[PDB]
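This report concerns only the one structure given below.
Neighbour counts are summed over all protein chains in view; Cβ atoms, including those assigned to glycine, are modelled from backbone coordinates with ideal geometry. None of the figures in this text is laboratory data; all of them are computed from the coordinates on show.
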Number of protein chains: 6
Amino acid sequence: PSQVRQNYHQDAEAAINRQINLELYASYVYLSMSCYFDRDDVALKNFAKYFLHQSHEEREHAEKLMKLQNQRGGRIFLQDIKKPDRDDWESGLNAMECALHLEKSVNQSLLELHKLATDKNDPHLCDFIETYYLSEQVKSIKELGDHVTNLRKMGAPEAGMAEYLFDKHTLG
Amino acid sequence: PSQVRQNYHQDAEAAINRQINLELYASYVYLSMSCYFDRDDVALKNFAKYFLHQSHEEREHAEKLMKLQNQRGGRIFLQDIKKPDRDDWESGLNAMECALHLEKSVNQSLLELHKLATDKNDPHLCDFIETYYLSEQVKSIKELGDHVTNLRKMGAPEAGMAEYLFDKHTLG
Amino acid sequence: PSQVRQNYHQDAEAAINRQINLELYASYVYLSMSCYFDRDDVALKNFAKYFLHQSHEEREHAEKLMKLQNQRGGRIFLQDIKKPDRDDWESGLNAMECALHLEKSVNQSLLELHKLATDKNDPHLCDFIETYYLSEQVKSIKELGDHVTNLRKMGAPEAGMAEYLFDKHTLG
Amino acid sequence: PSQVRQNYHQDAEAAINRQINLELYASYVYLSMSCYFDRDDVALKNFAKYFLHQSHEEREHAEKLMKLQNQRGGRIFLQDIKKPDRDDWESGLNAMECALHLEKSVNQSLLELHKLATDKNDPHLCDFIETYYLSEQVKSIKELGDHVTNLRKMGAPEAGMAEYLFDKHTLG
Amino acid sequence: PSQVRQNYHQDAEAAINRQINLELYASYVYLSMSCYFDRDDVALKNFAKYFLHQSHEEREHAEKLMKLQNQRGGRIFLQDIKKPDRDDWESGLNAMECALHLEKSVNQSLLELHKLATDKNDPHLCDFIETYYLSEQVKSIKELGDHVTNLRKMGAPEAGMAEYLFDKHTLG
Amino acid sequence: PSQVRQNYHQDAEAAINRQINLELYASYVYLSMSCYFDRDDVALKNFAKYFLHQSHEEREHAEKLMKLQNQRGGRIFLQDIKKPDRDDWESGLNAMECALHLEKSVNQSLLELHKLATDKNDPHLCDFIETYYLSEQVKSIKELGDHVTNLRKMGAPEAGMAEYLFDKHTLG
Ligand SMILES: [Fe+3]
Ligand SMILES: [Zn+2]
């Protein structure tokens, strides 16, 4: 056992590794979205910038989980970062909806992680999750819901000016 | 259900609405205290300023609860803000004691809210409450206890100079 | 009678208390509108900011009325702040129209207050009203009329881009 | 009962007093380590500075705990601060290992305190512990583990240049 | 013997260790006073700040004695820091009187230390004591006498405003 | 065919996608190395920082390849980022050797990419590779060779002070 490990259940370590993989996958999905919006035939620069920022934020969340794992004496066991479920995201609105679904799934994973840490009576793990990931997930999910709502009202994707003007105003 | 709603129990939403109403009522009570101390026949400008600041802080707490409600996909259902239980607060000491009682009741409501969020396994709600309201309630209750203790020792309300000097020194 | 009171009719005192309640109610209604526009399924951040500013301005108007009441030796008697007539304001255009109606009603109340103060020959009360509330009410009513006109011409709420672009340009 | 006390179990008060004593004892032990490394025949100035900083941080932790106890209406009951288990810490590596053991024991005490506060449904106490002591304990334990690991790899204490160079580089 | 030790009698080393313990005990007593004055039911913030400053100054005096012990080649042998004689100090005036008694006892200990260092013909120890502790003790004892005199004249503790106004003016 | 695509062979598109995957894998491997060196039982902060910087640089290289693919009208097709071949890198010297091998393999892939772009007569692709990846690969491979040489000469890993001093001086 690690010299620093204390009140850090093994299955909490495994859940943290799984959450690290999930955050890396979310970063990869956001990178895919950014790439799709950097396409010449999509050409939504602010959508691409927003999703690239989300990808970097997800990578930072993963790195923070790795730092937490090392802090608690757990060992990081990296897995394959699965490819995003598709390459063509088909619209700014569809990409925002997929990002909302991804952040809701990541929030569900973090909620299960917090539940596990509570069951194992790991107050530091619970505090770390609720301080650095749960509030961030709620804020990101609310922002994505706002984006999806605005795009839907604007008439996206059918209304071609909708996505362009959302790119300029909301994301620019 | 709201597109952003996740792990947000209906009764947690109802408790948040009730807490919003309670914070608005506390703001109204503090406004009443400030108005009472702005009276010509009371004329405690720093008591009035202190209670006006408390009223604005309570309004900000309510607004933050509304922001949380919207963040979690819950719907804000505002109720009548009941009038404060009295218009004449009868002294700086009595007003401070009533403010202490009000903050204790608001803290009890927040504690019940945290208990409900814990029973419903809403870690984000628990973290939000404990981060933005429980520490603030403890600090405010301690400050009000200090104010009441100092006013009682100084001889308020019978010692008419006690309230004036507390207004100038502690609240000024 | 208050030592500072002179040429302040009791019915003027009651009218000022009623106006304080009405301004607090207007603040509450504007807060409700801001909450509605902070919803994930509405997501009009500048509408929410505008109505929150209106709510804070109405609260400041009530605070100034209470300061006036204390200045004149009258006694502030706070009443229940009634719940806003609805929680779902159903559109930016509808919210602006309801705000216009609310400000017109508040202006009518202030006009009746000025008429009363003129009847009781209270020149200071009349000057206070016309200096701090009548001009503000006219300006706010004109601004709300402009907002409603622009939203109606834009095609709101049927034109989904109308409310979004009004949010960005006029309110942003 | 203190006028500010609310949802503060007496046994939580006793546990906080015990944690006060434990943090003061940790401060005393760190002071002893700093003194040992300020010895002419040890002469590790950065080890002494590091352990003096740890002692002052432990004293600040105890001060914050007593501020919390007063904030919650509990009564601080100070006990004898037991002398450190020894005066000669016999090496930088041994002192770092003893500091790691001390911080692990303090973290275990804080974990038991958080468990008790959770059992007594004291969300403010739990939040205070996790916000100000659990994260700090994890960080300090990780830092001490890093220091011990680096000293062991360097060959300390047998390799006499190991402790000196760790003093200069890591602690300097 | 320590390589640096020179003209440093063994009993001078023991007296320095005893004085280190006494200064740590004085720091602990001042910490207890500060905690008592941070209580909600006495709530004298400037009394608490003054006694916390005294506690930190006593800790610094102890640290300087440890530095002197190491400088002279003596070995620091820490003992249990006895708990303060009581937790409830019962008043600002009583706390100031107890602090005066504590500083006079510490001054007596330092005077005996200087007497011993003179008997052992340790001019450096005598100079260190008279330069860093005797003048400080005389100044602190005079300040505490002034505080006690002012509180007694003001009518403390019976005069409730006495302690509050001394807290504000002298200690604030 | 993309409206912007010109002189961009399908083989070049596929090779760019493969190089994107390889750069992402290199970033993942560097992240694994950084995490390994952030372990309590490794505790080489500058090794961890160096490998984290390498991981971020590899991610930036991948992002630049994605930008190039979109610029040329090719379509980014992301694949699974395979887990690094090991989790425990077992040494600073071993990690540097593995990084050298990884950068040599990435440089070989880039060289094959340049060979393909030359065979397909894609001068812009060749220029992009040789301007942004070949010089960087040569510089990184030389730096890693220098690091490995210095660690080997220092006696790493057997000389436990070797890795620590390389961490402080070369990487710090
Ligand atoms: Fe060196
Ligand atoms: Zn002293």
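Annotations
- Spin-label pair residue E:146-residue B:159: with each label point 7 Å from Cα along the Cα-Cβ axis, the two points sit 2.4 nm from one another.
- The equivalent ellipsoid of the range D:30-98 has semi-axes of 30, 12, 8 Å, largest first, where each one is the square root of 5 times an eigenvalue of the Cα gyration tensor.
- Of all chain E residues, the one whose C-beta is nearest the axis that brings E onto D, in angstrom: E:81, 2
- Exposure proxy ranking for C:132, E:36, based on other Cβ atoms within 10 angstrom of each Cβ and starting from the fewest, stands as C:132, E:36.
- Ordered by the count of other Cβ atoms within 10 Å of each Cβ, fewest first, A:75, E:72 give A:75, E:72.
- Sorted from nearest, the other copies put their residue D:14 label points 3.9, 3.9, 4.0, 6.3, 7.6 nm away, the label point being 7 Å from Cα in the direction of Cβ.
- Efficiency of FRET between residue F:118 and residue F:82 - r from beta-carbon atoms, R0 25 angstrom, step 0.05: 0.30
- Viscosity 1.306 mPa s, 10 °C: Kirkwood-radius Stokes-Einstein D of the protein assembly as shown over Cα pairs, µm²/s: 47 µm²/s
- Placing a label point 7 Å from Cα along the Cα-to-Cβ direction at residue F:135 gives distances to the equivalent points in the other copies of 4.3, 4.5, 4.9, 6.6, 6.6 nm, listed shortest first.
- Build a GNM of chain F with springs between Cα atoms under 10 Å apart, and of F:79, F:69, F:137 the one that fluctuates most is F:79.
- P(r) weight above 28 Å for chain B, C-alpha pairs, percent: 29 percent
- Label distances, nm, residue D:87 versus same residue in remaining copies, Cβ-directed 7 Å point: 3.2, 4.8, 7.1, 7.5, 7.5
- Cα-based reach from residue E:67 at 16 Å (exclusive), listing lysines while leaving out same-chain residues under 8 positions away: D:45, D:49
- Radius 12 Å from Cβ of residue F:11, net charge of other residues (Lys, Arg +1; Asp, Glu -1): -1
- The long axis of helix B:45-71 is offset from the longest Cα principal axis of chain B by roughly 0 degrees.
- By the beta-carbon count within 10 Å of each Cβ, the least crowded to most crowded order of C:91, E:32, E:2, fewest first, is E:2, C:91, E:32.
- Taking a straight line from the alpha carbon of residue B:120, these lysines sit under 16 Å away, with near neighbours fewer than eight places off in the same chain left out: A:115.
- Reach of residue A:153 by Cα under 14 Å, taken over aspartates and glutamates that are not fewer than 8 positions away in the same chain: A:97, A:163, C:40, C:41, C:90, C:158, C:163, C:167
- Between 0 and 90°, nearest 10: helix A:160-169 axis offset from chain A longest Cα axis: 60 degrees
- Taking 0.36 nm per residue of separation and subtracting the Cα-Cα distance, full extension of the segment from residue F:135 to residue F:101 would add 10.6 nm.
- Acute angle (nearest 10 degrees) that the helix B:92-119 long axis makes with the longest principal axis of chain B, alpha-carbon atoms: 10 degrees
- Note on the range E:94-137: Rg/Rh from Cα positions, Kirkwood definition for Rh, rounded to two decimals, is 1.10.
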